[PDB]
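Shown next, in structure tokens, is the structure this report addresses.
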Amino acid sequence: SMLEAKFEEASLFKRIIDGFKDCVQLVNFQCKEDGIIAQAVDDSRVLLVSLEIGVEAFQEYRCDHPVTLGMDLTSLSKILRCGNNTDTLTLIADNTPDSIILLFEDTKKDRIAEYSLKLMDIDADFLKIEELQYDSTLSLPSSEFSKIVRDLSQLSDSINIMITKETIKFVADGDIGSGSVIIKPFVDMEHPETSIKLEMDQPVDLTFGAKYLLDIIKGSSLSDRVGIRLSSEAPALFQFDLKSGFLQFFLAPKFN
Amino acid sequence: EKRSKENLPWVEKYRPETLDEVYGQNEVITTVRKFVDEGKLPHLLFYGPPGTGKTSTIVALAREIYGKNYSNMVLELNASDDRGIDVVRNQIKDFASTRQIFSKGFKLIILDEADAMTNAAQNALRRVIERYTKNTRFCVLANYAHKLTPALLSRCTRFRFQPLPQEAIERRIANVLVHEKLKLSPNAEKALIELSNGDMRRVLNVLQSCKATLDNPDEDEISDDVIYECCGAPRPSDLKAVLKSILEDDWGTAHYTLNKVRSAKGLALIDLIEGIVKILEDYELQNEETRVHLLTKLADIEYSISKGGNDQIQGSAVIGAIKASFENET
Amino acid sequence: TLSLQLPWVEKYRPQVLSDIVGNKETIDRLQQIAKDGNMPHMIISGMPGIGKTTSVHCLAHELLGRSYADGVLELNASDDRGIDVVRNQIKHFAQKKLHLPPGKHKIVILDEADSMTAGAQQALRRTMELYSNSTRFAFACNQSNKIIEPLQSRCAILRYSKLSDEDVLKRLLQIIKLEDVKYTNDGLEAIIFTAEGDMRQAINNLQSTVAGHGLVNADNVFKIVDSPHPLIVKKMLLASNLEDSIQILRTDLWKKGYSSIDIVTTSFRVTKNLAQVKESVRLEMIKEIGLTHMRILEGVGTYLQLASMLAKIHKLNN
Amino acid sequence: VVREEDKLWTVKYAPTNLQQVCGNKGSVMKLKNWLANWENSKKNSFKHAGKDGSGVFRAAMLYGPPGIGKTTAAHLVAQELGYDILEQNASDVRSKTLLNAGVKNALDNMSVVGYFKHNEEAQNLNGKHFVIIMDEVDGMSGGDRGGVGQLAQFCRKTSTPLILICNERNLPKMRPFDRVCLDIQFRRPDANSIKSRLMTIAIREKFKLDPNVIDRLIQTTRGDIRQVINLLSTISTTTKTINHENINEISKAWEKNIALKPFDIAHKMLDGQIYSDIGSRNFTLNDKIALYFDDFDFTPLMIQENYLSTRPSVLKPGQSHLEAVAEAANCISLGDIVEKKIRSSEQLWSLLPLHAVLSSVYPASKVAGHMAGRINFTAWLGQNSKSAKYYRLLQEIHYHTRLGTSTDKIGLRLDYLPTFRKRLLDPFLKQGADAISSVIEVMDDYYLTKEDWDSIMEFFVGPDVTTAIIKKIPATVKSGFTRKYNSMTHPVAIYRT
DNA sequence: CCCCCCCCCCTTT
DNA sequence: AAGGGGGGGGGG
DNA sequence: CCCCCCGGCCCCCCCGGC
DNA sequence: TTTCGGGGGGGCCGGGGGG
Ligand SMILES: Nc1ncnc2c1ncn2[C@@H]1O[C@H](COP(=O)(O)OP(=O)(O)OP(O)(O)=S)[C@@H](O)[C@H]1O
Ligand SMILES: Nc1ncnc2c1ncn2[C@@H]1O[C@H](COP(=O)(O)OP(=O)(O)OP(O)(O)=S)[C@@H](O)[C@H]1O
Ligand SMILES: Nc1ncnc2c1ncn2[C@@H]1O[C@H](COP(=O)(O)OP(=O)(O)OP(O)(O)=S)[C@@H](O)[C@H]1O
Ligand SMILES: [Mg+2]
Ligand SMILES: [Mg+2]
Ligand SMILES: [Mg+2]
């Protein structure tokens, strides 16, 4: 088996999958000697999910040659639900692969559950996510962003984010009036996790859909803070760090 | 059931329990017996008219194959149960694709009265029959072949149940008279066979009614008079007299004779028409037009009677039709 | 007694494309496709028991070798084939990734596809189009008109014709040799005559004989197999005199147990397919037969009604 | 990774450029012009229509028979103008809920894939836009509830170009798309427009194809290029020469069976040629019954509608047109009785063939010939609906006046209504506005209303038609009548009707 | 720009 | 070989 | 104590010949 | 158009289980 990646507990992989399972259907995983990079595009072709998991997140990682695996997330989640969170989860794939093996092993009861998931043929090529000089680079706690987004979505289906000098406005102008939430760059020493920073280059103003933001903010469980990179005319970048790796959402802004 | 078999109707009390008690179908019985005795039973399609022994034959075959516990080793479905496409997809498929519970053996499925099943279910049954032929066999019973899809008919070996021959009916009547302490005259047996039209149910029901009619069945013999009284059917002499009067007397005399013959025993006009048609079938007419007119007008009168209407007008119509048709002989 | 024996129809089901008789051009085309691969989307149509399912299965087996288990998705009327099934399971199978030799593809076999609803057929279109590089579709049906035009446009039409008497005789003789069956020429003639081009019925009757009487002669065949009643009805309708028609009706149909509804329906069909009689005369006879059929459906299923129908038909043909 | 010789010929030889498309050049040009100028129309809010008239529609509806290049044309147009394609088809659930939760968000959103693919591309302004292609809209079965209406709203309200594709534009289900999209029609391409493509395919695949028999092949597939390419691929496996010798057999084997529509069924059934001896030999009675079954709910209506408008060529010696018409009418009446039997509680659908003979085939054979004029659709459906509406109105009027009269609804129609008119309409034509009160009184005596007044006035026929009479009444009189009625209380016969 | 075949497609709940 | 309307090859 | 999964009615629509 | 019956497919509702 060229590819053998062991997660000490299946909980981590389950949380990672659940983070971006309500917005995409098919994922392409490229596994190389340096780890796993996964890409996904939603049906509407508006949201792009990228995932990076380094070799530090696995107890034992071995990859003789790079491999590509197309997975449907419904089946993957269904199979993952069959393994307890306290078992070690081994992902196994051999040369010329038609399926991937998920092995949930528990040494406490010497119980081994082996599942085989058939791979999907995806012809889409990995979009080149080249570094972009985003105009604004904000970062704020995941809980606060989730609360604000969920509160604003109840009023309007579109949320407008404006970044100006020491001003971050989330307007929700829609059918139910027009509510706004304003936060300022704030720093605390007792609990630095609740600090808000702003590193603009030019003023920014982008409008996004409510459904995409609601799907994106579902990943707050995997990170304590969320980093938002914005540019005058380009997709936003919502980054959630992990113990070893990251989960990024690229959302195409609404027109004007 | 309740109490004992003596409380059952004769049509049910005398239901064959073994293939040796099925009369009048010697070829089919022999073929099926040879098939079972050599382990080469194919899918069966028993096609026949009412009361010929199809259900009895298949039940006896299942009993012979599986013994007394056959009821728990076969899947019997009839028009009284739901047999939709979902039933075929789930219940029949599960039965055909699973092993026996009580004892080892092959699976038998009896789709009695399969002519009452929808076309969709019949189509779904095709691959069920084809795929599980190794361990399952299907038997379907029908009275009307036009209701069965060609695909289903292609998959089944056909056995036709003819109307019961007269000798088989006599043998069954002899067995019944041996069981029930009864005496039957040859004329009574002849009339019973004539009116039965090859149906054993009719024979048994009429015999039971005849026995009930006798005052002292132990020492009273059933005669043709008893049969005609219980069945309320015209006697041959009455039909001959009516026909002779119609064909050889004036209109008033024919009307009077028909009315008197009908009133004497309270006969129905339809039975008289049937008897006269049977009598005239053997007549040798010199002109085809006479037969054509007879058949057409009598069929019209029978159809009119089927919907009710005035009885006297219908009788006069019968008389006039016969007279006009026979006027063409010249 | 409790151990069944495989019927000859299944025991001698052709396992290779070279064992199928009839439709020589189409069979050779299928053999060429198997040899060179690149199977196209196809629809095989015909009438019962001519070798459609056998041909499709043989082609799939020969093409896919040992990859038959994973590369073939078989669905028929006995399986649920609704719109949801087509959208989910068939789409997943088409999107599946499987490693096969250079000239092979995954195969979806929709047997009895005429039973599928219009919505499922509509849903199949873009699935067939987008994934043709890895999946191919083979439909087998009895009535091609049931398949919607868009699906027919995407497939290759293979309309099987009925097996000739020679092909039926050839296959029957091969089976006889492989089974060591005693037979006479007249017995084979009777078997083929009653088969009416249906291989399944021919083999079934051949087994029923021997299984019941040993020697396959015309007599023994006719003691179990009845001559097709459509031919008897045709003889009844074409009889010169009304007396002959009535005699045929009484002896060959009524006294044999055939129901009146069956007789009248067969009369309708035969009159519809009487090419030797003028169309107007056939229309008048059909009107009379329809009157009789309507009377029968009401409950008056008597021999007198059929006799009257024959009398009216003879009146028309005079 | 996919070998060239392992693809279907329809994929290997699929058009790569809009010029490679065969036939329907005008439709392709119309679609290209519509999409090219879509941005300008958006800038003008789709108010100033151009010379072509395509500037007012924000969406296009491509329709035509199968296998002619609609999907290929739409995809090539989308890719030629550097747009990003968002495609949905009948293989995707397209109900109201899913459409609202799906393509609706993308209707006014940018394309992340487009941005990340054309970031380095210069002068690609459309690369970040979406072109929504809704294929197989006609194939929306019960699995897509409300999809047609939601797509119609999308067409009437969208921010990016939207293209819809269907095969049957004349079906009632497609009515909502009547005037909310630019209709682009694709016609069966002729043989001359595809002969070069067939020659190229034959040369590339190493098999002889005679140019003469190409038209016969096109006729066999009825202008389906996909079907003809498939036929060539299937026949070339064993036959290396499609010449005049084998053309007949190939055409007869692959000939299509398209169910005729009601007008075509009526035209063919009434043709006198098929009922001749020879024509009977070619077109048989079974063929006629199958032609009826092609549409068994409209064929009898069409025959009954059009059997009086022909010039028979099958008249028997001495038989006149009127006698044949009478015989056909008698058989149509018998067929109507049979139809009543079929759709009764017994559900005797086994009589469907017999009905076919009594309602369609026999009368047509009696009056078969050449149509004397245009074939007309049945007028029975509209008349039936009108009769049902009038019967409903009569029932309401009867039950409003049921407490004053002594009769059934038929007696009310035949006897009471004339006197009611004489007491409700004539007074207005003699004393003008002085009858108002009197008329109202009459209404109050029978629990009548203004709507009942109009309905009653709408029943009379022949020399008692009130339309002109009502129209000629002075407007002042009618206004006064309405004001007087609306300014007074009236009794109610039935509460909560 | 105009005109003429030549055929196709639509009438239709 | 139904009547009426629309479109693309050829002549003008 | 509250939320989510997925079995069962409930409703609506469309054929029904060879 | 439509007098039953069957079949398919979608929308709710609610029992039960899980956290
Ligand atoms: N060949 C027979 N031999 C003896 N009794 C018979 C025979 N046929 C019918 N009967 C008698 O009539 C009764 C009914 O026979 P069945 O087997 O039910 O006939 P059937 O043909 O299956 O009826 P249908 O086709 O459903 S109306 C039996 O219980 C017997 O008593
Ligand atoms: N051309 C044939 N050659 C040899 N045997 C045949 C042939 N056709 C049919 N049979 C035999 O009959 C049996 C059934 O054949 P099938 O392939 O099932 O016919 P079919 O046309 O597919 O039936 P339908 O259309 O679903 S009713 C086979 O197992 C064969 O034994
Ligand atoms: N005008 C054409 N020219 C060349 N090839 C064509 C043309 N039209 C269809 N084809 C061929 O047929 C194949 C499929 O055609 P499509 O455009 O996808 O079908 P369609 O016209 O959309 O009809 P439906 O409604 O999908 S059946 C193309 O890839 C081509 O290979
Ligand atoms: Mg029975
Ligand atoms: Mg088959
Ligand atoms: Mg298409």
Side-chain angles (χ1 to χ4, degrees), chain A residues 81, chain B residues 82-86 89 117-121 124 146 149-150, chain C residues 47 80-85 115-120 142-143 145-146 265 268-269 272-273, chain D residues 23-27 30 63-65 93 95-97 141-146 169-172 175 185-193 222-223 261-268 270-273 286 289-290 292-298 301-302 305-306 309-311 313 339-356 369-385 387-388:
Chain A
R81 285 210 195 292
Chain B
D82 200 275
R83 305 180 292 181
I85 190 153
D86 79 81
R89 271 200 308 256
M117 257 171 96
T118 64
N119 283 269
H146 82 277
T149 60
Chain C
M47 275 217 330
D80 167 52
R81 294 190 301 179
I83 287 146
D84 87 283
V85 164
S115 296
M116 296 191 63
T117 82
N142 279 116
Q143 294 300 138
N145 50 105
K146 309 297 292 130
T265 53
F268 190 93
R269 269 73 145 290
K272 188 175 60 158
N273 302 321
Chain D
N24 294 278
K25 211 142 263 173
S27 293
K30 195 203 284 275
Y63 71 89
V93 183
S95 73
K96 163 64 101 63
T97 326
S141 63
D144 320 308
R145 180 187 263 290
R169 193 65 185 76
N170 46 345
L171 283 206
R175 277 232 292 286
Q185 166 150 345
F186 284 63
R187 292 156 143 75
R188 269 161 192 111
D190 53 297
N192 280 318
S193 303
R222 287 282 277 118
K261 253 70 190 323
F263 274 81
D264 287 315
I265 295 158
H267 181 251
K268 183 142 181 50
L270 291 165
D271 176 30
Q273 192 279 321
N286 201 285
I289 286 151
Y292 156 95
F293 268 112
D294 278 317
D295 188 357
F296 75 92
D297 278 270
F298 276 120
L301 289 177
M302 294 293 292
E305 186 64 42
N306 294 290
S309 291
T310 86
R311 298 177 11 261
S313 65
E339 184 251 301
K340 173 146 175 220
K341 266 171 161 294
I342 280 161
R343 301 187 155 275
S344 95
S345 147
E346 280 98 38
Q347 308 295 335
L348 305 175
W349 295 94
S350 43
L351 292 170
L352 259 171
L354 174 59
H355 180 244
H370 323 279
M371 292 298 308
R374 198 177 62 252
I375 291 148
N376 298 283
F377 192 63
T378 199
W380 182 90
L381 294 162
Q383 296 288 346
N384 182 65
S385 37
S387 168

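In what follows, chains carry the letters A, B, and so on, assigned in the order in which the sequence lines appear, proteins first and then strands, with residues in each chain numbered from 1.
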Heavy atoms from C-beta onward define the side chain here; which of [options] lies closest to that of [X]?
X	options	answer
D:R374	E:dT11, E:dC9, G:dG16	E:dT11
D:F296	E:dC9, G:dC18, G:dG17	G:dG17
D:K340	E:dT13, H:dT3, E:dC9	H:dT3
D:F377	E:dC8, H:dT3, E:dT13	E:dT13
B:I85	G:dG16, F:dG5, H:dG7	H:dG7

Is D:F263 stacked against the base of E:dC10, taking the criterion as centroid distance under 5.5 angstrom and interplanar angle under 30°? no
Do we see D:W349 stacking on the base of G:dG17, given a limit of 5.5 Å between centres and 30° between planes? no
[X] near the nucleic acid: base, sugar-phosphate alone, or nothing, with a heavy-atom cut-off under 4.0 Å?
X	answer
D:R188	sugar-phosphate
D:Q273	nothing
C:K272	nothing
B:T118	sugar-phosphate
D:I265	nothing
D:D297	base

Is the shortest heavy-atom distance from the side chain of [X] to the side chain of [Y] under 4.5 Å?
X	Y	value
D:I342	D:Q347	no
D:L270	D:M371	yes
D:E305	D:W380	no

To the nearest Å, how far apart are [X] [atom1] and [N] [atom2]?
X	N	atom1	atom2	answer
D:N24	F:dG6	CG	P	17 Å
D:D190	F:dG6	CG	P	20 Å
B:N119	G:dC14	CG	P	22 Å
D:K268	F:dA2	NZ	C1'	15 Å
D:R187	E:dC7	CZ	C1'	10 Å
A:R81	H:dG18	CZ	P	13 Å
D:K30	F:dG8	NZ	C1'	14 Å
D:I342	H:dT2	CD1	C1'	12 Å

Donor-acceptor contact below 3.5 Å, side chain [X] vs main chain [Y]:
X	Y	answer
D:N306	D:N376	yes
D:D295	D:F293	no
D:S385	D:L381	yes
D:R188	D:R222	yes

Closer to the 5' end of DNA chain H via nearest nucleotide, is it D:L381 or D:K96? D:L381
Taking the nucleotide of DNA chain H with the closest heavy atom to each, which residue, D:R145 or B:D86, is nearer the 5' end? B:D86
Euclidean distance for [atom1], [N] against [M] (whole angstrom):
N	M	atom1	value
H:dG8	G:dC6	P	23 Å
H:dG9	G:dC5	P	24 Å
E:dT12	H:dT1	P	15 Å
H:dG15	G:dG7	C1'	9 Å

Just curious, G:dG7 north or south if you read off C1'-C2'-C3'-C4'? north
Would you say H:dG10 pairs with G:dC10 if a pair means Watson-Crick or G-U wobble with both distances under 3.5 Å? yes
Between E:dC1 and F:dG12, is a Watson-Crick or G-U wobble pair present, with both distances under 3.5 Å? no
Under-4.0 Å salt bridge between D:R343 and D:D297: yes
So which one's nearest nucleotide on DNA chain E is more toward 5', D:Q185 or D:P172? D:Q185
Residue matched to [N] through Watson-Crick or wobble contacts both under 3.5 angstrom:
N	value
H:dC4	G:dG16
F:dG8	none
F:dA1	none
E:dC6	none

Just checking, are the bases of G:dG16 and G:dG17 stacked by our 5.5 Å, 30° definition for the six-membered rings? no
Base orientation of H:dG18, chi within 90° of 0 counted as syn, else anti, reads anti
Using only side-chain N and O atoms of B:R83, determine if any of them is under 4.0 Å from OP1 or OP2 of H:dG5. no
Ignoring backbone atoms, establish whether D:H267 has a side-chain N or O less than 4.0 Å from OP1 or OP2 of F:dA2. yes
Would you state whether a donor and an acceptor, one from the side chain of D:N170 and one from the base of E:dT12, lie under 3.5 Å apart? yes
